[PDB]
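# Coordinate inspection notes
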Amino acid sequence: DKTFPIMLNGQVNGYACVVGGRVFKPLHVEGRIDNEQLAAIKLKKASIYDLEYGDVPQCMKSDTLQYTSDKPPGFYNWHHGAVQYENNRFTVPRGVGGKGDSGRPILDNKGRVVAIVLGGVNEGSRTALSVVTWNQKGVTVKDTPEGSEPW
Amino acid sequence: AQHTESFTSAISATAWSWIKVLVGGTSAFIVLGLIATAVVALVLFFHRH
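Residues numbered from 1 in each chain as written, not as in the entry; some residues may be left out. Chains lettered and ligands numbered in written order. Part of a larger assembly, values for the part shown. Heavy atoms only, no water.

- The PDB entry lists chain B under the name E1 protein, with Eastern equine encephalitis virus as the source organism.
- For this structure, the PDB entry title reads "Eastern equine encephalitis virus (PE-6) VLP in complex with VLDLR LA(1-2) (asymmetric unit)".

- As named in the PDB entry, chain A is Capsid protein, taken from Eastern equine encephalitis virus.

Dropping the structure here:
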């Protein structure tokens, strides 16, 4: 497994994932990672992007997801199904995902992580997602639709 | 004394030089920090746009 749930009192508050050799989790997700190998890692607070990160242990280096900055318009996969990306916006049908789903990765047709979900906005029949993505030059950026609620 | 002493009467040229360096250096160092903070904010802005 490359995604690990985060639980504070036994309920799932969010998910953590290993991307590119780093462990990622949102700042707003409280609790401990079920994997003690990751929970014991001291994480840096990247308040610029609402993400905590650390170095993957050598024993966990094999459980790493590849990422890419090449995210053309189309459909992407995640734990709840397909995700549609257009006009520099990530969108899912309304009711697909909610509180507790932040930190899930979005994968392309080759299994490469293209984004990490932080939250979203319900726009009628579709829900727009707040995601952390890399621009056309591969630089990490945070995309936040106005009024997005952290999940 | 036939004269009148003032607050700055005793401050020598070397004393003013050190005061200017200490005041100027600390002020310049503060401005460097503020400028770098503002410049990086623009760098991050261009990253999103």
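## Things to note about the pairing of strand β12 (residues 126-134) of chain A
Residue and element names in this part refer to chain A.
- Across the nine residues of β12, eight count as buried, placing the element largely inside the fold.
- Bridging between strand β9 (residues 89-93) and β12 involves three bridges; their strand directions are antiparallel. By the bridge assignment for β12, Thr91 is matched with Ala128.
- Where strand β11 (residues 113-123) hands over to β12, the hairpin turn is made up of two residues, of which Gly124 adopts a positive phi near 60°.
- Of the strand pairs in this sheet, β12 and strand β13 (residues 140-143) are connected by four bridges, and their pairing is antiparallel. (Buried < 20%, exposed > 50% of the residue type's maximum accessible area, 1.4 Å probe, protein only. Helix = DSSP H or I, 4+ residues; strand = E, 2+ residues; numbered from the N terminus. Pairing = 2+ DSSP bridges.)

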